[PDB]
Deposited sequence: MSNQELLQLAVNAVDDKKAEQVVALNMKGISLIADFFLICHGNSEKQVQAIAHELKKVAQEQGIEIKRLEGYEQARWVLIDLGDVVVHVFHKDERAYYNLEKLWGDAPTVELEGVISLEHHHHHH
C-alpha cells in the first residue's frame, strides 16, 4: 500500500508511547511496509497492539493476522500492505531483527 496505512499505524502505535518506531520498506523483499517498535512491559506491548486493533476497526481495515498478543513478547498485527511488529524491550528476536530483513524515512 502506501503511507496512508503506514501513517495510520505509526500514529496508533504513537498514541500508546511505543518506543524506537522503525518502518521497513519491504518492497522488493516481501510479497510493502513492516513497522517495528517495542514496549517496556507486557502491559505496554498489549496496549500498543490494542490501539492498533482499535484504530484498524475504526478505519475499517481488515486485520489479517494477530499473534502473540497474550504473551506480549512479540505481537504481530497483519494489516495487509503493512505489518506491525510490537516487541517487548526484552525480546531477543527484537535485537536479531537485523539478520531478518532498508528503512523508510517516516518524516518524509
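Taken in order along the deposited sequence, the stretches absent from the coordinates are 1, 33-34, 105-107, 115-125.
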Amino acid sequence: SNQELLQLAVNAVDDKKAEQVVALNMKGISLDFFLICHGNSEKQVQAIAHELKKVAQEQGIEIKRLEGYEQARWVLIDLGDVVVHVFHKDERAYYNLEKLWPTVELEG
From here on, numbers count along this sequence of modelled residues.
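Remark: stretch with higher mean C-alpha B factor among 62-70 and 40-48 is 62-70.
Two stretches are in play, 5-13 and 84-92, and the higher mean C-alpha B-factor belongs to 5-13. Ranked by C-alpha B-factor against the other modelled residues of its chain, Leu35 falls in the lowest third.
The entry lists a Cα temperature factor for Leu24 that places it in the middle third of the chain's modelled residues. In the deposited entry, the Cα temperature factor of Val55 places it in the middle third of its chain's modelled residues.
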